[PDB]
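Encoded as structure tokens, the structure appears first; notes follow it.
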Amino acid sequence: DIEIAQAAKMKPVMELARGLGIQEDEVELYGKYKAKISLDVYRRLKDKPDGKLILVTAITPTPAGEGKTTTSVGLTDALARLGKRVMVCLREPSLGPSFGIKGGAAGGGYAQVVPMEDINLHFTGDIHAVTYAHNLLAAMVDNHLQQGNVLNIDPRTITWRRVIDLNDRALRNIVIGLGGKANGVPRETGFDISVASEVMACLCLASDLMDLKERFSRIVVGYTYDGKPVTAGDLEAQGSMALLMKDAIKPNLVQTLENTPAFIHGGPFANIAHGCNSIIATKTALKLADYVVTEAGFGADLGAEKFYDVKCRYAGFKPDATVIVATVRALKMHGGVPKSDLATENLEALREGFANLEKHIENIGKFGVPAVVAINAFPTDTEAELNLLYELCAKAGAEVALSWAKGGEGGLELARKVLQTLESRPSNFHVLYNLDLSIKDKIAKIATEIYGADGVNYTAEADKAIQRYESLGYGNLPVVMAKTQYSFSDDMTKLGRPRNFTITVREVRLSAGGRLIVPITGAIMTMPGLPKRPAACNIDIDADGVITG
Amino acid sequence: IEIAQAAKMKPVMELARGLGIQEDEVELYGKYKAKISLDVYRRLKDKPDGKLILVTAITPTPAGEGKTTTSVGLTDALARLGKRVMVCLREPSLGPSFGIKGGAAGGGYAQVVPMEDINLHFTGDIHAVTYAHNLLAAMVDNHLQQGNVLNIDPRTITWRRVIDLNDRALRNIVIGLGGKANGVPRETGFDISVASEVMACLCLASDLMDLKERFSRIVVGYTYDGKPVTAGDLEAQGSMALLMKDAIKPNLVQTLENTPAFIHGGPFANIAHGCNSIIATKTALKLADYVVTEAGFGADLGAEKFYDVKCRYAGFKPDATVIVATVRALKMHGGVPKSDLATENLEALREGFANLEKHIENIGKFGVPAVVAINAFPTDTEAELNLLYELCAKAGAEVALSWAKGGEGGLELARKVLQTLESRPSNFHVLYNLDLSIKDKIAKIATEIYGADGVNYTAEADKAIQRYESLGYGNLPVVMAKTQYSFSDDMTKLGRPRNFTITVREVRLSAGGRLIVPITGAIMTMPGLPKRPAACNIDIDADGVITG
Amino acid sequence: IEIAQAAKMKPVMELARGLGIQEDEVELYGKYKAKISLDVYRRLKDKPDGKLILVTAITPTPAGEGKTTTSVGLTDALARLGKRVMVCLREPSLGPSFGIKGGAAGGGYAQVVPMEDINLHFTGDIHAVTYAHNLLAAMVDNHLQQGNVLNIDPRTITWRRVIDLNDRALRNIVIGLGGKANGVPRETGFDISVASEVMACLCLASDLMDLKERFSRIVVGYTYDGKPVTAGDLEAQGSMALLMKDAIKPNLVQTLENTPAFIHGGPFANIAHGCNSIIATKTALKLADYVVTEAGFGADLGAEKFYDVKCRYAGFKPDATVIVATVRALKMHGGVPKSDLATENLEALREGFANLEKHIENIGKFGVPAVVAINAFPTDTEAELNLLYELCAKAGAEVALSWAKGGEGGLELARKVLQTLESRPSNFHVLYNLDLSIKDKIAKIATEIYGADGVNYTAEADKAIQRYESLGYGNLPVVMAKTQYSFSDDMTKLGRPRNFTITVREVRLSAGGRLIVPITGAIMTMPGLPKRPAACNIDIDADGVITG
Ligand SMILES: [K+]
């Protein structure tokens, strides 16, 4: 009944593949339980329609828990139990978190995909290809200078950093090229955490190997002494990179605890990226199944938004429904209660925190998709609470998910009401904004309509960029708001449903292998720090079995 | 084209069976690559080993060596006569594939396959070492952030970071910049990933429990008192050990002639012994009658080291040894330039012979047989060859045209190898001892093997040794870090230099292994991409590779 | 040419006599420059002071200010009528002389001489501050080298180094690189030398024993606990005090009209009060009936500061005050561009007047008289002037054409200054108090003086204050570090902006003085040479200067 102590019996993925429609020649085994499926599978099944796409998201997250994936998986396993042909598409966790603050499984209890240990570590080697595909560009950028600098790059203008998959602050700000005319040119850079690499973003949005290789060449490394952009294409590097991503362009097949098939592929930041998994693992899921569940980072103001305005936008996807997660406790926090006394009944705070849930319901409504709530179960929650939380959902179908405890069975209810709105309430999907708007215009819609904010404030730095950009052609791309996820505002302290406030964007970045980033506060945290007490200081594989994963 | 050599492989799952391996003791990576578990060895603990055939070579040159190919052709030749044999080789760094290009996994009809997977991600063995090396560092730098609880002096940290690409840029850098919330500023840099110690330990550990132990011996730096700290002191070993949980397993593959190839690990042959893994071969030893391995650089290092290093720890006993040498290679040793190798010559063939001839002598000195080998070549007319033939008046000496005659070419030699590994018995003893003074150890290595009449140590050198021995790391082996293109450090003294001397400028202690004594500027622990990188020329069709 | 103004000076040794100074209380530096000892003041401790005539000005613009000249013309005018008076000015940084060029020591027939010596080495007053600032740092960095005996966290050191040149290069750098024998790596940088605190303290110390004391209060940084360390904590003050032993003496000189000029010290008017030395003037006060000084920037800072700063500590009481303003200057305040100042205009002359008019109001607020002053100009036709004339309906208001009429020009004003410093008496009180909350102090400064309706503080700002007050440095004055080209921080809101607000991003505590609250990016504590440096154009004939 403890998570890691729950890695028992799984069927060979080949068997799972055959049973989905995969041929032997479209599978590349990684042990009896991991497979890389050729992009041919999909390529040959493009004329068949898609199943029903179900996006699961949640309310503004707090340090008081919530649990998105647990539900993502349980819902699946439940749909599977009800006789449905389904799959689950998920992101691959970063290596770093496993040693810093320990690595939890994909969801948990009896709601998780396996093999665990392998998915938190090296899995199928996707993050390394991404780690080197990327780091090779850095290297190639540097070499060019070293070799006379023909393209004419002001090193001091190099925006494309380096990257690694652990947590090293010490790598945040650094100086390179020291030594002499024989060691390159001196400059200031640093490392981010792989998953934050723009290379990981393209992976999760690219069509196939050739669309990938193209984006890779549209990537801006730095600028000339004239301001003119020098791109990765200019360095003739898209060729090599792609080749480093040759095997990483294939989804990875692996199942749940209960043997439902699942796709783990990709996984970026949901503030500096759409925070969704690869589009390819999903579009493949849509053809091999009748129901596809996938989740999206942070709250519904972020992952949700970006899922629709980026992912679905690029792939012509059209969601059929959206399950939204909420807990009794994390709702009473938004209601005002402290983290300390969260276990104590208080229908008031409960009812005031609802405002958080209420807004998301509505927002999810501005996208034209029928929402369904999933009150994640909990020991201390009472009836005088859950009950109020149901009648409080005067809008969308509500239902409790004992998915954690009772495997697919606790998600049975949730499954039945999804199929329910899935049958009577067909979706009318439309992105929140048109691409032919101004950048400050799209930024408002998102913060005016989704964050429920009054308006937006920009800093001089913010302006200058939002224009070197526009006038430079990248003005009609999607906008990826990078703010704090702990609120509908850029102040991580304004819990619940903050009214009468303004967003303040202070810097704006570009991801030519996608679109326009735009951080608010220090949402730049692109490289976490190992806590004073290293979860690694206690990690120790035995002569056979690990301990402290 | 030698990459067009891609053709006809046999499921590894089968071969493992065709060697006797419980399926449950094999993890795949596609149908033609597969990791074998440590339970194989451990379950065949006492069974009979086999014959060792370490194939070293002359003293490298720009004419064309043959360290690898000739090692495989001797497998497609050896086994090609109903013989239970394998090949224990080394995995090539990724970086070089975009710098100067990727070469044959061995050479001609010997190169292990698939070629690509070996020269790239492979079974992701590197990345494990990588992430294990950098996590240690990560913990080092993080620690200081906490309060340098161990009173460590950032300026003494000798533990670098590591990347498997060719980047001059990362060689000398400053990190930890930013302010009380970014960490402590100190200087460091990056070394190529294969030049890692966390790589050596890999090639020289008993098992995934031996590894978890070494690591904890590895020195990150010292305190403000000169008191050595270690990864152990940081409780990393555990974590570290896990990042390696799978890389610790050898890798199975075949040849174009489907012979059971074992490619696991691979370090530097100056700072490191240049031997493939000790677990892959020791496993190989059971799984077959014979085992065709190979060490780093000219027999004056890889060889001299392979012995004192690998064999020592693993109690091995090289029932034989080889040593290649082309015709053109020795002429340069005769003063013959690279542009002056086309023309036949014999007055140089004999002087430049002194080269091949010297190693022969040292080979014997370890108490093991020996045999000559000649990479047959189009310009190697009869005249030239004929002379070489005889000169080898001291032990076996055949011609192996494996490069273009598959196993057939290596036929002649294969017989002679069994021929001498049958009549000529060997009693293995390490040319030196673990108790001699750290200097007397390098000593005996400069004398007999290299050919010097003495070894000097600078101000810097004297202190380190003394520091080490005063600390205890004095009863360790010794890994010569000298150049190689010459028995001596003078990368110019070609052939067989005489009367010289060796001077050991510095000395770096490798806790998880031994003592690295550098003679020249062999600190090029990070190669550099050129003005024409294969990266600017590499692309991948909507189907497959080009210019790989 | 205004440098050709070099002509006819009177031995300083004499002037000192023609003011009553014991020869033994005068050190020379040539016949026309001379340091006066602190014994002068100290020996005339109780004698009668005199009248203070702090000449401030409008709010700076690219049209032409007049902070200086007008200050001297009022001396060549004032004393030009048998009056015991001097001029207490500021010494210009060296650096600027090779960057954008060296300008008149005041302007026209007012500029103190010799011009060159003032804009160069002078009496080497800077270099003393310089070597005193950098020695502290030197000791800071050295200390850590010893064992950071004080458990100091290098990342908290706020004590920069300093050079008197315009170098962008030295702004942000890393030092202490090299290894356990070169020192500890940390980040820092260089600020211009005059922007030193070791300069402020100079202009605001009682005597060479007051100085030796302040210094020891100056914060270098904190320990790993947040525990403030100081130069005192390093036992530097002594040494430091000595490097200054001679700079602590004011400097005597004259005018083209030989009037007793006193040029000693000179800091920044944002991070610092921009006042000349407190010892030079307090000395001047005795040595004469009147004293014509001058403060930094527009009267909203130098002035507002001069008061709260200088006068406060030294118990002074500005028996009067002035404030220049050209005709063209106010029109820009009327929206009139720099290329649109040639044409007469009066509808702007009145709106842009709001500027001059506001300061007038604040001036009064400190409890001291006031008078207007207009730098007469060739394009300042009658029409324009006439309007200005009247508008000043609130107190004295004359025209001073000193620039080209020597003391004669400043005649009109000179009379009116005595005229009002005779009928209009002043009771001096600092616009604020030393006990009010550090915020309420900036508050009252933004309100009345600048003209804001409130002051904001960021996350960063709130902590610092709170940190400081929790440490005790809360009962100090407050030096506004806002831009100046506008009553507010908006370097664009010209004339007299209304309804706005001020936001104080950061707060740097200056132990040897006060609190520096920055509003904008006024951290340009190091100017930068341009693409056409006067250095590339400066040469010196086999005899004398050209392009100086
Ligand atoms: K992956």
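Simple scheme: letters A, B, ... for chains in structure tokens order, numbers from 1 for residues in each chain, numbers from 1 for ligands in the order shown.
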
Notebook entry, point to check: For chain B, which residues have at least one atom within 10 Å of chain C, if we go by only C-alpha atoms? Write them as a list in words, please.
Noted result: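 In the required form, that comes to residues 147, 153, 154, 155, 156, 174, 176, 177, 178, 179, 180, 181, 183, 184, 185, 186, 187 and 224 of chain B.
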
Note to self: Taking only C-alpha atoms into account, find every residue of chain B that has an atom no more than 8 Å from chain A, and write it out as a PyMOL selection string.
What the structure shows: chain B and resi 27-31+98+120-121+124+127+135+138-139+141-143+146+165-178+182-185+208-209+234-239+241-243+529-531+535-540+542+545

Item checked: helix (DSSP H, G or I) positions in range 71-133 of chain C, given as a list in words ->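 Reading the DSSP output for range 71-133 of chain C, helix (DSSP H, G or I) covers residues 71, 72, 73, 74, 75, 76, 77, 78, 79, 80, 81, 96, 97, 98, 99, 115, 116, 117, 118, 126, 127, 128, 129, 130, 131, 132 and 133 of chain C.
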
Next item on the list: Would you mind telling me which residue in A:58, A:89, A:206, A:80 lies nearest to residue 372 in chain A when using only C-alpha atoms?
Entry: A:58

Check: Using only C-alpha atoms, which residues sit within 12 Å of residue 515 in chain A once same-chain residues fewer than 4 positions away are excluded, as an MDAnalysis selection string?
Finding: chainID A and resid 198 201:202 205 215 218:220 272:274 306 309:311 314 435 439 469:470 473:481 508:511

Selection export as an mmCIF file, in the first residue's frame, atoms kept: N, CA and C atoms:
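Output saved as result06.cif:
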```cif
data_model
loop_
_atom_site.group_PDB
_atom_site.id
_atom_site.type_symbol
_atom_site.label_atom_id
_atom_site.label_comp_id
_atom_site.auth_asym_id
_atom_site.auth_seq_id
_atom_site.Cartn_x
_atom_site.Cartn_y
_atom_site.Cartn_z
ATOM 1 N N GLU A 198 14.618 24.488 -25.359
ATOM 2 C CA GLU A 198 13.678 24.707 -26.456
ATOM 3 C C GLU A 198 13.597 23.472 -27.358
ATOM 4 N N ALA A 201 10.886 21.412 -26.342
ATOM 5 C CA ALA A 201 9.617 22.006 -26.739
ATOM 6 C C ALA A 201 9.253 21.561 -28.148
ATOM 7 N N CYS A 202 10.199 21.671 -29.072
ATOM 8 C CA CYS A 202 9.961 21.252 -30.449
ATOM 9 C C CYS A 202 9.571 19.769 -30.483
ATOM 10 N N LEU A 205 6.035 19.266 -30.028
ATOM 11 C CA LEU A 205 5.146 19.972 -30.949
ATOM 12 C C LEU A 205 5.383 19.624 -32.418
ATOM 13 N N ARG A 215 12.421 23.107 -37.757
ATOM 14 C CA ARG A 215 12.320 24.027 -36.637
ATOM 15 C C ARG A 215 13.748 24.253 -36.157
ATOM 16 N N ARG A 218 15.353 27.081 -37.483
ATOM 17 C CA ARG A 218 14.673 28.365 -37.363
ATOM 18 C C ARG A 218 14.977 28.984 -36.023
ATOM 19 N N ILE A 219 15.745 28.249 -35.223
ATOM 20 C CA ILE A 219 16.156 28.645 -33.872
ATOM 21 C C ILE A 219 17.239 29.719 -33.806
ATOM 22 N N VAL A 220 16.927 30.800 -33.099
ATOM 23 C CA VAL A 220 17.839 31.920 -32.958
ATOM 24 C C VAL A 220 18.850 31.723 -31.832
ATOM 25 N N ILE A 272 7.271 28.140 -19.516
ATOM 26 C CA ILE A 272 8.252 28.480 -20.546
ATOM 27 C C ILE A 272 7.977 27.605 -21.767
ATOM 28 N N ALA A 273 6.897 26.832 -21.678
ATOM 29 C CA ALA A 273 6.444 25.952 -22.752
ATOM 30 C C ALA A 273 4.989 25.541 -22.474
ATOM 31 N N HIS A 274 4.339 24.928 -23.457
ATOM 32 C CA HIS A 274 2.945 24.523 -23.305
ATOM 33 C C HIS A 274 2.683 23.505 -22.192
ATOM 34 N N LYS A 306 -2.691 26.793 -22.837
ATOM 35 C CA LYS A 306 -1.659 26.427 -23.797
ATOM 36 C C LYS A 306 -1.926 25.144 -24.573
ATOM 37 N N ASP A 309 -4.509 26.640 -27.147
ATOM 38 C CA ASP A 309 -3.914 27.703 -27.958
ATOM 39 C C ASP A 309 -2.563 27.428 -28.626
ATOM 40 N N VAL A 310 -1.979 26.270 -28.320
ATOM 41 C CA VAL A 310 -0.716 25.855 -28.917
ATOM 42 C C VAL A 310 -0.933 24.438 -29.487
ATOM 43 N N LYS A 311 -0.692 23.415 -28.668
ATOM 44 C CA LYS A 311 -0.850 22.003 -29.050
ATOM 45 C C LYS A 311 -2.014 21.707 -29.986
ATOM 46 N N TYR A 314 -1.769 23.728 -33.315
ATOM 47 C CA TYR A 314 -0.829 23.176 -34.290
ATOM 48 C C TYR A 314 -1.308 21.872 -34.948
ATOM 49 N N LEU A 435 -4.390 34.442 -34.407
ATOM 50 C CA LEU A 435 -2.969 34.730 -34.572
ATOM 51 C C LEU A 435 -2.693 36.119 -35.133
ATOM 52 N N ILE A 439 0.671 41.506 -30.188
ATOM 53 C CA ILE A 439 1.187 40.656 -29.122
ATOM 54 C C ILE A 439 0.591 41.077 -27.785
ATOM 55 N N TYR A 469 10.975 42.207 -31.840
ATOM 56 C CA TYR A 469 10.314 40.993 -32.284
ATOM 57 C C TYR A 469 9.303 41.237 -33.404
ATOM 58 N N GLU A 470 8.217 41.945 -33.104
ATOM 59 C CA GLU A 470 7.196 42.226 -34.117
ATOM 60 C C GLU A 470 7.804 42.649 -35.450
ATOM 61 N N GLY A 473 9.302 40.032 -37.560
ATOM 62 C CA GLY A 473 8.556 38.925 -38.142
ATOM 63 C C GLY A 473 7.898 37.899 -37.231
ATOM 64 N N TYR A 474 8.425 37.730 -36.026
ATOM 65 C CA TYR A 474 7.834 36.774 -35.112
ATOM 66 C C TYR A 474 6.731 37.473 -34.346
ATOM 67 N N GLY A 475 5.889 38.220 -35.039
ATOM 68 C CA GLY A 475 4.834 38.916 -34.331
ATOM 69 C C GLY A 475 3.476 38.242 -34.348
ATOM 70 N N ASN A 476 3.292 37.274 -35.246
ATOM 71 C CA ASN A 476 2.014 36.576 -35.377
ATOM 72 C C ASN A 476 2.061 35.126 -34.857
ATOM 73 N N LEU A 477 2.794 34.915 -33.767
ATOM 74 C CA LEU A 477 2.924 33.598 -33.153
ATOM 75 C C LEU A 477 2.070 33.562 -31.880
ATOM 76 N N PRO A 478 1.883 32.371 -31.299
ATOM 77 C CA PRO A 478 1.093 32.209 -30.076
ATOM 78 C C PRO A 478 1.858 32.762 -28.890
ATOM 79 N N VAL A 479 1.141 33.147 -27.846
ATOM 80 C CA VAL A 479 1.803 33.701 -26.683
ATOM 81 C C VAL A 479 1.774 32.710 -25.505
ATOM 82 N N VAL A 480 2.955 32.472 -24.936
ATOM 83 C CA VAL A 480 3.124 31.548 -23.828
ATOM 84 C C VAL A 480 3.438 32.285 -22.525
ATOM 85 N N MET A 481 2.379 32.630 -21.814
ATOM 86 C CA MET A 481 2.525 33.326 -20.559
ATOM 87 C C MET A 481 3.300 32.506 -19.548
ATOM 88 N N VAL A 508 10.560 39.559 -22.129
ATOM 89 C CA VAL A 508 9.893 38.768 -23.168
ATOM 90 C C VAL A 508 10.928 38.030 -24.007
ATOM 91 N N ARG A 509 10.749 36.716 -24.132
ATOM 92 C CA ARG A 509 11.677 35.872 -24.880
ATOM 93 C C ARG A 509 11.055 35.291 -26.141
ATOM 94 N N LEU A 510 11.905 34.725 -27.001
ATOM 95 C CA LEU A 510 11.474 34.121 -28.260
ATOM 96 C C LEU A 510 11.935 32.680 -28.432
ATOM 97 N N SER A 511 11.012 31.853 -28.904
ATOM 98 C CA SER A 511 11.262 30.448 -29.172
ATOM 99 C C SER A 511 10.829 30.190 -30.614
#
```

Note to self: So that I can check the surroundings of residue 107 in chain C, please list as a ChimeraX atom specification every protein, DNA and RNA residue that reaches within 9 Å of it, counting only C-alpha atoms and ignoring chain neighbours fewer than 3 positions away.
What the structure shows: /C:2,66,68-70,72-73,103-104,110-112,402-403

Given 6 Å and only C-alpha atoms and all ligand atoms, residues near ligand 1 as a PDB file with N, CA, C and O atoms, in the first residue's frame:
```pdb
ATOM      1  N   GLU A  92       7.346  12.713 -19.716  1.00  0.00           N
ATOM      2  CA  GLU A  92       8.417  12.002 -19.028  1.00  0.00           C
ATOM      3  C   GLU A  92       9.067  12.905 -17.976  1.00  0.00           C
ATOM      4  O   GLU A  92       9.564  13.977 -18.307  1.00  0.00           O
ATOM      5  N   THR A 124      13.841   5.693 -21.927  1.00  0.00           N
ATOM      6  CA  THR A 124      14.277   5.230 -23.243  1.00  0.00           C
ATOM      7  C   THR A 124      15.319   6.145 -23.868  1.00  0.00           C
ATOM      8  O   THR A 124      15.575   6.102 -25.087  1.00  0.00           O
ATOM      9  N   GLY A 125      15.915   6.981 -23.024  1.00  0.00           N
ATOM     10  CA  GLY A 125      16.958   7.892 -23.475  1.00  0.00           C
ATOM     11  C   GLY A 125      16.542   9.130 -24.253  1.00  0.00           C
ATOM     12  O   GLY A 125      17.329   9.690 -25.026  1.00  0.00           O
ATOM     13  N   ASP A 126      15.311   9.572 -24.041  1.00  0.00           N
ATOM     14  CA  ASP A 126      14.810  10.749 -24.733  1.00  0.00           C
ATOM     15  C   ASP A 126      15.443  12.037 -24.243  1.00  0.00           C
ATOM     16  O   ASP A 126      15.861  12.863 -25.044  1.00  0.00           O
ATOM     17  N   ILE A 127      15.515  12.212 -22.931  1.00  0.00           N
ATOM     18  CA  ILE A 127      16.082  13.432 -22.390  1.00  0.00           C
ATOM     19  C   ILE A 127      17.583  13.638 -22.656  1.00  0.00           C
ATOM     20  O   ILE A 127      18.065  14.773 -22.596  1.00  0.00           O
ATOM     21  N   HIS A 265       6.038  10.490 -23.620  1.00  0.00           N
ATOM     22  CA  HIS A 265       6.890  11.056 -24.646  1.00  0.00           C
ATOM     23  C   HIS A 265       6.935  12.572 -24.586  1.00  0.00           C
ATOM     24  O   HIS A 265       5.950  13.250 -24.878  1.00  0.00           O
ATOM     25  N   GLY A 266       8.095  13.103 -24.222  1.00  0.00           N
ATOM     26  CA  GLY A 266       8.240  14.539 -24.122  1.00  0.00           C
ATOM     27  C   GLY A 266       7.972  15.003 -22.702  1.00  0.00           C
ATOM     28  O   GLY A 266       7.869  14.204 -21.762  1.00  0.00           O
TER      29      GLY A 266
END
```

Item checked: For residue 257 in chain A, the nearest of the candidates A:73, A:212, A:2, A:437, counting only C-alpha atoms ->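 Smallest distance to residue 257 in chain A is found for A:73.
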
Next item on the list: Taking the chain letters and numbering used in this document, name the residues of range 358-436 of chain C that DSSP puts in strand (DSSP E or B), as a PyMOL selection string.
Entry: chain C and resi 372+375+397+400

Check: By how many Å are CA of residue 394 in chain B and CA of residue 50 in chain B apart?
Finding: 25.6 Å

Note to self: With only C-alpha atoms as the counted atoms, please give the residues lying no more than 9 Å from residue 318 in chain B, apart from itself and same-chain residues fewer than 3 positions off, as number ranges by chain.
What the structure shows: B: 51-54, 307, 311, 321, 368-369, 426-428

Residue selection dump (C-alpha atoms) as a PDB file, in the first residue's frame:
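Final file, out-v1.pdb:
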```pdb
ATOM      1  CA  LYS B  51      42.705 -18.188 -23.715  1.00  0.00           C
ATOM      2  CA  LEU B  52      43.484 -14.455 -23.738  1.00  0.00           C
ATOM      3  CA  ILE B  53      44.639 -12.890 -27.000  1.00  0.00           C
ATOM      4  CA  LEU B  54      45.288  -9.217 -26.254  1.00  0.00           C
ATOM      5  CA  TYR B 307      48.916  -5.906 -17.764  1.00  0.00           C
ATOM      6  CA  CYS B 311      45.141  -8.413 -15.376  1.00  0.00           C
ATOM      7  CA  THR B 321      49.490 -11.406 -27.049  1.00  0.00           C
ATOM      8  CA  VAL B 368      53.777 -14.085 -22.175  1.00  0.00           C
ATOM      9  CA  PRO B 369      54.068 -15.337 -25.802  1.00  0.00           C
ATOM     10  CA  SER B 426      52.960 -18.410 -20.181  1.00  0.00           C
ATOM     11  CA  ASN B 427      53.484 -17.571 -16.489  1.00  0.00           C
ATOM     12  CA  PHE B 428      51.966 -14.116 -15.857  1.00  0.00           C
TER      13      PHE B 428
END
```

Check: Hey, what's within 7 Å of range 479-486 of chain B if we count only C-alpha atoms and toss same-chain stuff fewer than 3 positions away? As a PyMOL selection string, please?
Finding: chain B and resi 59-61+270-273+297-298+305+489-494+514-520+522

Note to self: Residues near residue 114 in chain C, anyone? I mean within 12 Å using only C-alpha atoms, not counting same-chain ones fewer than 6 positions away, as a ChimeraX atom specification.
What the structure shows: /C:3-12,29-34,104-106,120-123,252-256,258,261,263

Check: Taking only C-alpha atoms into account, which of A:101, A:253, A:285, A:75 comes nearest residue 416 in chain A?
Finding: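 Looking only at the distances to residue 416 in chain A, the closest residue turns out to be A:75.
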
Margin query: What's the separation between CA of residue 401 in chain B and CA of residue 376 in chain B, in Å to one decimal place?
Written below: 5.0 Å

Next item on the list: For CA of residue 351 in chain A and CA of residue 485 in chain A, determine how far apart the two atoms are, in Å to one decimal place.
Entry: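 Going from CA of residue 351 in chain A over to CA of residue 485 in chain A covers 21.5 Å.
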
Note to self: Measuring between only C-alpha atoms, which one of C:37, C:75, C:216, C:188 shows the shortest distance to residue 251 in chain C?
What the structure shows: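 Ranking C:37, C:75, C:216, C:188 by distance to residue 251 in chain C, first place goes to C:37.
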